[PDB]
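The structure appears right after this line, and notes come after that.
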Amino acid sequence: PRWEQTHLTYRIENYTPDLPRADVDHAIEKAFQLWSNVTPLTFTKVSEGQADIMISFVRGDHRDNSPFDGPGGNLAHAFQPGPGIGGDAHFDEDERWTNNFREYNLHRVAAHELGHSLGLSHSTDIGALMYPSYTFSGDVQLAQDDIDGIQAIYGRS
Ligand SMILES: CNC(=O)[C@H](Cc1ccccc1)NC(=O)[C@@H](CC(=O)NO)CC(C)C
Ligand SMILES: [Ca+2]
Ligand SMILES: [Zn+2]
Ligand SMILES: [Zn+2]
């Protein structure tokens, strides 16, 4: 599954009160930048309307078939490209979201969920952003496995 268009939009529907709004926007815009730096994709943030990728902070049963589970456990989930909810990213509001090394760094999680929004599955490489359990090294960057995977779907910049 992949997006047919290379110019996509996203919208942050709501925000967690754990961080100032600017920090949430920054964390999300930098996560998209990681993926657009190695592919021909471009991302535009819209303030209203329906976007290709809708991001929201929600808790427990939130109208999809994957209810959240409170603090810890699953931290966020996303949907592969497609119509409707395809591409959407949901972050569990019951977690403590940070901008530093304390669990759990929003930018680090957003980088992994947007990989799913673009069509990636999980990696078996512990240094990869797409590994299935959270890791935080201090500096969020794509690993070779991450680069290889997204360029296999959209080509290289
Ligand atoms: C601290 N929680 C985790 O690391 C759990 C796995 C886990 C669950 C129970 C106990 C130990 C580990 N992983 C997730 O939340 C992932 C779910 C997911 O893949 N979304 O796309 C997202 C992270 C990789 C950012
Ligand atoms: Ca949780
Ligand atoms: Zn959800
Ligand atoms: Zn995942």
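Residues are named by chain letter and number: chains run A, B, ... in the order of the structure tokens, numbers start at 1 in each chain, and ligands are numbered from 1 in the order shown.
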Produce as a ChimeraX atom specification the set of residues near ligand 1, where near means within 10 Å with only C-alpha atoms and all ligand atoms considered. /A:71-79,89-92,95,103-117,120-122,128-136
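Minimum atom-to-atom distances from A:60, A:155, A:83, A:127 to ligand 3 were compared using only C-alpha atoms and all ligand atoms, and the lowest value belongs to A:60.
Proximity of A:152, A:25, A:138, A:123 to ligand 4, computed with only C-alpha atoms and all ligand atoms, is greatest for A:123.
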Name the residues of segment 4-35 of chain A that fall into strand (DSSP E) according to DSSP on the backbone, using the chain letters and numbers of this document, as a ChimeraX atom specification. /A:7-12
Pick out the residues sitting within 10 Å of residue 5 of chain A, and hand them over as a list in words; count only C-alpha atoms, and ignore anything fewer than 2 positions along from it in its own chain. residues 2, 3, 7, 8, 41, 42 and 154 of chain A
